[PDB]
Amino acid sequence: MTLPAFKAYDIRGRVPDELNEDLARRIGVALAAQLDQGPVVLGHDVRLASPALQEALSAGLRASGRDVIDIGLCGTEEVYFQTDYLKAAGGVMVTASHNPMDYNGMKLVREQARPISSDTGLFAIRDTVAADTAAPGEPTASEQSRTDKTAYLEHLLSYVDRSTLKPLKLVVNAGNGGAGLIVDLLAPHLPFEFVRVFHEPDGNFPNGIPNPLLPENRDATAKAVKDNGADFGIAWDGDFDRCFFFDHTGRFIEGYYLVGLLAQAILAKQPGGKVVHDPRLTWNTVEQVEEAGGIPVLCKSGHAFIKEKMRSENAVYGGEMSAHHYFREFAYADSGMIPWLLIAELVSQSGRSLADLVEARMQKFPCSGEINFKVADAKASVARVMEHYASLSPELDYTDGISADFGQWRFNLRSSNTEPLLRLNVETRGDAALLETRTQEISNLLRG
Ligand SMILES: [Ca+2]
């Protein structure tokens, strides 16, 4: 009974069935009424339908008297950065992120790149749009093109001490998304030697959709690292707000361990700061943050929750195990570019490889990775797990799903709201055998 494209935090649908130019134009009209006064930043990714959808959105916005700042082909974080930097009323990124070829969508922010979520105006937009039968007016406002990325590039470079960088050899895999454009603009300013895989933006995606979690995109990056003796490799999704790391042996690094590493890299520059993290996997982050003289702050997962928690806490850094990294100085927003700059600086300064930096943490806190279960009844499955372990008296916490701490091991179990789907994360204190038995034990209880 409601427009399916409108989800909890953004708009996502197949083109043109769930998302199309007419909906885009009506979203522009509706957005103009929810924002404070000021112009609106618009950007788009490499997908074939993205320019058209952005044009439709510009039309609806300008018909409603909003000036539009078109920043052209970009990553999502550039929309966040420019919205904040130009003191704009809001910003829209047109992007399908990592989704199949027939998909597109939008990420909406208001002033200072604050998220527009279902709680905070997205559903007011949905309702307005679903009720708008009126004819398209004419633009009574201007579209200015502002494709200069200089302020954004200078901001990125300010996170590192360039005199401390060594000439590392880095594999970069844009997946034919947008990240290669940024790498080429940064490269004149850095000592690194880049090895470019799937580099050119290409909305036909001849090498597969830009999703580095797909094993063939994983293997292309790992092979390039090994074949070229790179210090590490970096891959991004298509709008590059997510960054994934491969060490010099070609091993894919589970995102959990990057949270603690980036935290200690940041706390070295801004000592005593707060670090926000999500409850799925926690023990490594807490230890690394405290060892670096910081304070960890637990928060619900999901970018809307982490951003608002960082604002309220004046947190310097927040990280999710799912490759989302947020920085206070970047308008409390996520970037897929800052993380690898910080990692390259840490490797350069420490004389330790990325492999050695993480291997120590992996041995201390082995984790299962996120495991998904389609079940008949989420409530019954969860109850089966809780009843089975109740005699061990775990410490429970309900920040985000159920987290049960048993002393030597813990798990987090979250249920999707859109479907009967359970997501499981397990970790232990230095015990890989315990990790695997409990993971299989829970897997059995969840299934049967
Ligand atoms: Ca993305």
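What is reported rests on the model, the rules as stated and the sources as named; no laboratory read-out is quoted. Cβ: placed from backbone, ideal geometry, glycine included. Neighbour counts: every protein chain shown.
Worth a mention:
- Residues located in segment 371-417, provided they are assigned to a helix (DSSP H, G or I) and not hydrophobic (A, V, I, L, M, F, W, C): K379, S381, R384, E387, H388, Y389, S391
- For segment 125-156, a tally of residues being under 28 Å from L190 (Cβ atoms) and in contact with a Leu (Cβ under 7 Å, 6 or more places away or on another chain) returns 3.
- Selection within segment 415-445: residues that are closer than 17 Å to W283 by Cβ and hydroxyl-bearing (S, T, Y). The member of this set that is surrounded by the most Cβ atoms within 10 Å (Cβ to Cβ) is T428.
- Scanning segment 395-414 for residues that are surrounded by fewer than 18 Cβ atoms within 10 Å (Cβ to Cβ) and closer than 20 Å to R438 by Cα yields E395, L396, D397, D405, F406, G407, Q408.
- Scanning segment 201-210 for residues that are surrounded by fewer than 24 Cβ atoms within 10 Å (Cβ to Cβ), within 16 Å of the ligand (Cβ to nearest atom) and not β-branched (V, I, T) gives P201, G203, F205, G208.
- Selected residue [closer than 21 Å to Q349 by Cβ and β-branched (V, I, T)] from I182, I253, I209: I253
- Filtering segment 111-124 to residues that are of a type outside the set (A, V, I, L, M), in contact with a helix residue (DSSP H, G or I) (Cβ under 6 Å, 6 or more places away or on another chain) and either free of Cβ contacts under 8 Å to residues at least 12 places away in the same chain or assigned to a helix (DSSP H, G or I) (or both) leaves only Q112.
- Qualifying residue in segment 38-47 (condition: more than 17 Å from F330 (Cβ to Cβ), among the charged types (D, E, K, R), in the same structural domain as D132 (by CATH) and surrounded by 23 or more Cβ atoms within 10 Å (Cβ to Cβ)): yes
Okay, residues lined up against (1) more than 15 Å from the chain's Cα centre (by Cα); (2) farther than 22 Å from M1 by Cβ; (3) not aromatic (F, W, Y):
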{"residue": "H98", "(1), (2), (3)": "no, yes, yes"}
{"residue": "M101", "(1), (2), (3)": "yes, yes, yes"}
{"residue": "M106", "(1), (2), (3)": "no, no, yes"}
{"residue": "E111", "(1), (2), (3)": "yes, yes, yes"}
{"residue": "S118", "(1), (2), (3)": "yes, no, yes"}
{"residue": "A131", "(1), (2), (3)": "yes, no, yes"}
{"residue": "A135", "(1), (2), (3)": "yes, yes, yes"}
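- Residue that is surrounded by the fewest Cβ atoms within 10 Å (Cβ to Cβ), among those in segment 9-26 that are hydrophobic (A, V, I, L, M, F, W, C) and part of a loop (DSSP other than H, G, I, E, B): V15
- Those helices (runs of 4 or more DSSP H) lying entirely in segment 270-370 with at least 3 residues crowded, with 20+ Cβ neighbours inside 10 Å and within 20 Å of the chain's Cα centre (by Cα): 303-313, 338-350
- Considering each residue of segment 204-214 in turn, none proves to be β-branched (V, I, T) and not in a loop (DSSP other than H, G, I, E, B).
- The residue that is surrounded by the fewest Cβ atoms within 10 Å (Cβ to Cβ), counting only those in segment 211-258 that are more than 16 Å from the ligand (Cβ to nearest atom) and of a type in the set (D, E), is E216.
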